[PDB]
Structure formats: structure tokens, C-alpha cells
Protein chains: 4
Amino acid sequence: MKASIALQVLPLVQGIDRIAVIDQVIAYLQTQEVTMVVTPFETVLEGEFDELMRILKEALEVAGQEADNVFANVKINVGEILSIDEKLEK
Amino acid sequence: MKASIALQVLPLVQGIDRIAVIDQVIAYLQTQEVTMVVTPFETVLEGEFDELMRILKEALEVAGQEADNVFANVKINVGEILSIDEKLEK
Amino acid sequence: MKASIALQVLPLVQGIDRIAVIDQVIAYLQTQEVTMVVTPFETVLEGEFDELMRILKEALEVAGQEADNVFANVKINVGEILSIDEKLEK
Amino acid sequence: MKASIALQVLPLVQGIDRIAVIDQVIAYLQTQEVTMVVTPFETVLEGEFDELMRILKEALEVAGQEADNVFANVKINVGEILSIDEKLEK
């Protein structure tokens, strides 16, 4: 049920195009009705496991239709760590 | 289409309870009709993006029903990606 | 030269005793004269490559002398990279 | 003291060259007198913490002098719970 994802996209085809495709994945993510915090290396999402897996998949499909080679680091979590940290406030 | 997923499950639970969530995730994974290689830190899967996302979600649900706190590192590689055989011929 | 480390420590210990290795790694990190931001899943450091590698090693040695099993995820970004600030508003 | 490292260099550069900076880092790594296994997403090294930190730093400096933007994922393990030595099965 309760879960957290930390997503890092890394397009490896063009130039910086790249901060474009990332920007895209970011725009898509903002579109979802999910709690999100953009940190320096990854975008942290919080919500129901089911919705995050769905959003993760879409986020990657978005990135993949902007670059031919997409690599992503993903962190998935469930309980006991932190949501307190979520405090963007910056 | 083409996609590769690397999975590492780090359950934040004691001894015996963890060797089980890990055993369970591996067994489940073997159950799928997907190309898989178990390496020292992560289990590497290869196949269609759609099926891997599905398998990833199930793998995590399996792990989550064996421990209350499950953390996972996942690597995704989508698009015109080289195969496990090709990468291994760096 | 310019570099950025993203540090995440998972102690693999039982409650109270782990959330001590983490306060230990955070405290040590604050001790260094390095730019640092604590995000939900990892602590992001920014500075000279040489100093970060040194701080990373010490941070891990600190964690290791508080738990017998320490696992860490680390992200290294070195070169004509974008500062944390620039990435902030990606 | 006893430790294990998992390295993944993502040069985020235009095709071909990306496997060149990766091959570079690989050649350097083979040069060290350290136990190593190349898996599909990361190269796993095993040995004394001190030597691995030294090798990691050099590996990255090698990669950085072949591309202007180098990103790396690194996993560090200290202990035995995850029995990384089992990597005899390569």
C-alpha cells in the first residue's frame, strides 16, 4: 500500500537535449496527483504503491519517446524510513 | 519495447526473515518466462518493457508480503538497448 | 575538480541501533566544511572531487564503527557538472 | 576493513564513445590486483576498504579524462550478511 519512489533519469544520446527530456519527465510527473519533491539527483514521489508503479512506467515511456537510449535509477520503499524528510520547504 | 531491469531487494529485517523475502523474490522471478541472471548485488532481467514493469511490481509485492519494510534499488534501461550478451562484450 | 556526491546509508540493523549509525554519519558530515543538503533518500554533498572522496570514505568508516553490516548507495557526478543550485531549478 | 564495491559509469555521451569510456574504466580496473566481476549493469570489486576507495577514485578519474560529464552509481558493502564473496558464481 504505502510506498515511496525516488526516480533518476539519465538520457544518453544527445547533448542537453538532456535537461530537456528530464524536464519532460518532470512535466509529466507534475501532471499526476502525487506528492513530489525534486532533489538534486532524483525526483521523490510519495503515495500508493499501485499509482507509483503506474506513474513510474509512464514517466519512463515519456522519457523513452524523447531519446533512443534511456537509463534510470529507481529507489522503491515501503514503511519505517521517511516521509518526514519530504518537507520540501525550499 | 526492449528493456532491461536490474533488481536488488534489501529487506530491513533481521536474519532468517530476510533470507526468506530474498528467496521468495528469486523464486517468483524464476517463475516468469523472462531471461534472468543473478549477479552478486542485483538480479538482471531482460525482455519487453511492459512485462518487466509487471514482473517488477509483482516481485516487490512478493517481498512486501514477507517483511514489513522493503527497500529496493532498481535499474531500468529502455529503448534501443544492447542485450545482456552484448553489454557483456564491452 | 567540481564534483557532487549523493550518499545513502542503509545499516541493516535492528531499530534504535541503526538510527544511530545514521545520526553518526550525518553529524560527521556536518563537521566537514562541505556544502550539504539532506534529502529524503540521500545526503547530497558538493565540492572538490578529492575532498568528497575523502569525506565519503570517512563517512563510511564512521557508519561501519556503529554497525557490523553497512550498505551504501552512492552517486558520483564529476566534471563540468551543474552545481546543486543550477540543478535545483533544473 | 573487509569490503565490496559495485561500480557503474554512465558517461551520458553519444553512442560509441560511451562504451569507450566504459571500456577504459574496465581496462584500468583489470590493472588493479583486485577481485572483479563484470555483471550487466555494474562491475563488482572485492577487497580491503582502503584499496577499493583508492581504486574507485582512480576509476572515476580515468573516466573523467575521457568525457566531460561522468555520472556513476556506486554500491559499497561492509559486512557479510549479503555474502558478496559468493560471487565465485560469476
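Calculation rules
The scheme used for residues numbers each chain from 1 in its written sequence order. That scheme is not guaranteed to match the entry numbering, and residues without coordinates are omitted from view. Chain letters and ligand numbers both follow the written order, the letters beginning at A and the numbers at 1. Side-chain numbers here rest on the full set of heavy atoms in the structure, without hydrogens or water. One requirement defines pairing of two strands: DSSP has to find at least two bridges between them. Elements are defined by DSSP. Helices are runs of H or I of four residues or more, strands are runs of E of two residues or more, and each kind is numbered from the N terminus. In this analysis, axes come from line fits to C-alpha atoms, helices being fitted only over the stretch in contact, and the angle between any two N-to-C directions falls in the range 0 to 180 degrees. In this analysis, two residues are considered to be in contact whenever any of their non-hydrogen atoms come within 4.5 Å of each other. A least-squares fit on the C-alpha atoms is what superposes the copies onto each other. Exposure categories follow from relative accessible area, calculated using a 1.4 Å probe and restricted to protein chains: below 20% of the type maximum is buried, above 50% is exposed, and the middle band is partly exposed. Buried surface area refers to the total accessible area, computed with a probe of radius 1.4 Å, that the two partners give up upon joining, counted for both partners together. Each salt bridge in this description consists of a side-chain nitrogen of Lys or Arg and a carboxyl oxygen of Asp or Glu lying within 4 Å of one another. Residues adjacent in sequence count toward polar contacts only when both atoms are side-chain atoms; beyond that, a polar contact is any pair of N or O atoms within 3.5 Å, and within protein one must be able to donate a hydrogen and the other to accept it.

- Per the deposited record, determination of this structure is attributed to X-ray crystallography, with the resolution reported as 2.80 Å.

### Observations concerning the sheet that holds strand β3 (residues 43–48) of chain B
Thinking step 1. On the basis of which strands lie adjacent, the open sheet formed by eight strands has the order β2(A)-β3(A)-β1(A)-β4(A)-β4(B)-β1(B)-β3(B)-β2(B) and antiparallel pairing. Two strands close off the open sheet at either side, each with one partner strand: β2 (35–38) of chain A together with β2 (35–38) of chain B. Each adjacent strand pair in this sheet contributes to an overall mean axis angle of 20°, direction not counted.
Thinking step 2. Against the sheet, helix α1 (residues 18–31) of chain A engages β1 (2–11), β2 and β3 (43–48) of chain A, with an angle of about 155° to β1 of chain A.
Thinking step 3. Here helix α2 (residues 49–64) of chain A sits on the sheet in contact with β1, β3 and β4 (69–78) of chain A together with β4 (70–79) of chain B, set at roughly 140° to β3 of chain A.

### Some thoughts on the relation of the copies chain C and chain D
Thinking step 1. Of the two same-sequence chains, chain C is brought onto chain D (RMSD 2.2 Å, axial shift 0.7 Å) by a rotation of 179°. The relationship between the two copies is best expressed as a two-fold rotation axis. Taking C-alpha positions as the reference, the residue of chain C nearest the rotation axis is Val74 of chain C, at 2.6 Å.

### A look at unusual backbone geometry
Thinking step 1. The phi torsion at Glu80 of chain A lies on the positive side, around 40°, for a residue other than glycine.
Thinking step 2. The topology assignment puts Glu80 of chain A in the segment after β4.
Thinking step 3. The class for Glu80 of chain A is partly exposed, based on a relative accessible area of 49%.
Thinking step 4. Positioned with a positive phi, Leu12 of chain C is a non-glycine residue whose angle comes to about 55°.

### Considering the interface of chain A and chain C
Thinking step 1. Of the residues lining the interface, 18 residues belong to chain A; the matching set on chain C comes to 17 residues.
Thinking step 2. Of the roughly 1600 Å² buried between chain A and chain C on both sides combined, carbon and sulfur atoms contribute 67%.
Thinking step 3. With a shortest N-O distance of 2.8 Å, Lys75 of chain A and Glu42 of chain C are connected by a salt bridge.
Thinking step 4. Between chain A and chain C we count two residue pairs in polar contact in total.
Thinking step 5. The greatest single-element share of the side of chain A that touches chain C, amounting to four residues, is contributed by β1 of chain A.

### Thoughts on the interface of chain C and chain D
Thinking step 1. In this complex, chain C contributes 21 residues to the contact, which on the side of chain D involves 22 residues.
Thinking step 2. On the chain C side of the contact with chain D, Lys57, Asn69 and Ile76 of chain C bury the most area, a combined 25% of that side's loss.
Thinking step 3. The tally of links between chain C and chain D comes to two salt bridges.
Thinking step 4. One salt bridge connects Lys57 of chain D with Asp50 of chain C, and the closest N-O pair in it is separated by 2.9 Å.
Thinking step 5. Linking chain C to chain D there are 11 residue pairs in polar contact.
Thinking step 6. For the side of chain C that touches chain D, the secondary-structure elements that each account for two or more residues are α2 (49–64) and β4 (70–79) of chain C.
Thinking step 7. Here the element with the most residues in the side of chain C that touches chain D is β4 of chain C; it accounts for 10 residues.

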